[PDB]
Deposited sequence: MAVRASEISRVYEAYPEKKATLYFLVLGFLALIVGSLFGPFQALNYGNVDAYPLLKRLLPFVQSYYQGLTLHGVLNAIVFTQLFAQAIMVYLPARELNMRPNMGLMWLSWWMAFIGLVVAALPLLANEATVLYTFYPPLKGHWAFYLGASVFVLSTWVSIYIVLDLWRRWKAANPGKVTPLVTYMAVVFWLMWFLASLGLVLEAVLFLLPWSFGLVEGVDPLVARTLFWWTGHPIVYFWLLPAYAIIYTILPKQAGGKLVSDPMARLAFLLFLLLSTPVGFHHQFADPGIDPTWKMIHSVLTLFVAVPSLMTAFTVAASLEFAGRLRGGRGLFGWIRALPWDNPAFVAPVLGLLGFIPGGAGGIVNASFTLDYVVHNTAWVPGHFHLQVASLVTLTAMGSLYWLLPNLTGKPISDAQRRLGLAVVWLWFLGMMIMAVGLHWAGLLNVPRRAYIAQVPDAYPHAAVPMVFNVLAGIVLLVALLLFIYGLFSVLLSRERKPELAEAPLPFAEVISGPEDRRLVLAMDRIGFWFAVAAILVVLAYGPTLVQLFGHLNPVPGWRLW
């Protein structure tokens, strides 16, 4: 009847397992930025770990690449399926899960064998093992099947409902997947044209600049790829969990449409500090980057209004009374909301980085990580943890005990607190110029000036280890323990007379797609044409 549940569960579990493993290195890294060298200890527990960096590669690959993608494939395929009450093509769906699992296993081997300590960005000339690139490529190509599966679902629903506007969750999933397709081309091109033939030994060198340029083409939109599955839940389900309704269908659609149009053509903002890239082009990408920030600013209001509406609806007292009125008893509700709070400082950090010249102050310092943990490690990861208290029950049939409820609730606050504390230690240490991606605890007297922010980092390191441990507990607890027949908590929407017009305009998906593609060609084409016309491949290195 509903074979999509099993597959969805496998994407979710595999994702959470990637989260557990990857995050094991997190605490030791926070202590490291707290000048406390705990890696000798880590090595006694995990004898395969050869260095701080191998540990970091696993951290970034398993959390920012594997866990996030798996959670998105689960959410952005399963929610639209359920909204439409239509079955995804199960042959492709399982095939997509096997590509992810096999690609993962193939990349894992070299990584765990210290054969690819190049970090999740794997910038040439650092040269990793062929199985790393091959496995990563297959893991990522897995999303192309997911894309086909959702467009196929949309296609089938349209056929059966001519003249009708695409339902909300499905509209979000379609532009989301079309956006990802356009975004993935940079990395797919980097892999197929250079990384793969290079690690396989067919070519001796790769051009570093064109490699970073194709990488960042995908590098920025991939975080939007990480974020949107969380935005879909925050827009369409959290309002109900909050005890209210989604105040606006059209604005939600607009936010997603702007992401389809602006997530990809902004990559030079990760290359402000790169040579060979025209300053004018950098300014254009800077402006476009400020624009892609708009969808989230709008989201800030639509979501807040929805939570306010729900608050006042259930006794919402004064100007802030609606806040205490929310279901702070439900972890499913708390997780995403705390995540949105931290997303505030997270976003400001982002607007700063996008400001071209201002980036030179924070680029490559501990600041970037402080900023992005509020983004992916906090908002996104907390929204995913929160789904344990509603999506899992929905997929397994097993409810959440008052105990499991209290635990996860403890996991969420401690996780959010750990991240806020760490965000203080990292932004500060970053303003103090401490470099990111560095084993500074190995050079104890290297940064005396950051002694105080380092205390935060050690503190955060302790808090988060507790959170992770409670999480691993709560997770296996909720799965091995012993509502399923109840639909997903899709919220009701408040419609208006203006809706229709706006909605029909945004429903011209084919047109908006072409516009999104055109924008990418205009933003990257000039630069890439000049790059491929003056390539300078250089030899690889294994400096570990």
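Q. Which regions of the deposited sequence are unaccounted for in the modelled residues, listed N- to C-terminal?
A. According to the record, the gaps fall at 1-13, 496-500.
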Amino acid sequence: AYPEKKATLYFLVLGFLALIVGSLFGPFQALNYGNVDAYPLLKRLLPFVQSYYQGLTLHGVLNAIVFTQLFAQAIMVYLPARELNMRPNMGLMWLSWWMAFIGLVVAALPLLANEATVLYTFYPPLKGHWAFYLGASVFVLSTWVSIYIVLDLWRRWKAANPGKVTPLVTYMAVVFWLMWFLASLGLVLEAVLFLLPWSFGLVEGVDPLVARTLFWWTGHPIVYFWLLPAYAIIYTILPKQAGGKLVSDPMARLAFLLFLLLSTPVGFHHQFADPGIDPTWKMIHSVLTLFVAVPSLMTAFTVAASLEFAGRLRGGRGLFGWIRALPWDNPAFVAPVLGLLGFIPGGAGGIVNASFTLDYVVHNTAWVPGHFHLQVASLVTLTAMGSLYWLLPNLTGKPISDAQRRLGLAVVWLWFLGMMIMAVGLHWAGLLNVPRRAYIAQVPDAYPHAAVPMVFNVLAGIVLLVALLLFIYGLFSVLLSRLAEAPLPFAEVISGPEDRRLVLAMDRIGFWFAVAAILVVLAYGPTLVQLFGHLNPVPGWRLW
From here on, numbers count along this sequence of modelled residues.
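Q) Out of 426-434 and 311-319, which one has CA B-factors that are higher on average in the deposited record? A) 311-319 has the higher mean C-alpha B-factor.
Q.
If you take the mean CA temperature factor per stretch, which one wins between 217-225 and 190-198?
A. The stretch with the larger average C-alpha B-factor is 190-198.
Q. Which one, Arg405, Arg212, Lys127, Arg253, has the peak C-alpha temperature factor per the PDB entry?
A. Among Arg405, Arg212, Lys127, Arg253, the highest C-alpha B-factor in the entry belongs to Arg405.
(Q) Checking the record values for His269, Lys398, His363, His373, which has the greatest CA B factor? (A) Highest C-alpha B-factor among the listed residues goes to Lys398.
(Q) Ranking the modelled residues of this chain by C-alpha B-factor as given in the entry, is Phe67 in the lowest, middle or highest third? (A) Tercile = lowest for this residue's CA B-factor.
Q: Tell me, lowest, middle or highest third: where does the Cα B factor of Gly342 rank within its chain?
A: It belongs to the middle third of the chain when residues are ordered by C-alpha B-factor.
Q: Please rank the C-alpha B-factors of the chain's modelled residues and tell me whether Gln29 sits in the lowest, middle or highest third.
A: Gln29: CA B-factor falls in the middle third of its chain.
Q. Would the CA B-factor of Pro275 place it in the lowest, middle or highest third of its chain?
A. Middle third, going by the recorded CA B-factors of the chain.
Q | Third of chain Cα B-factors occupied by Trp390 | A | Top third by C-alpha B-factor.
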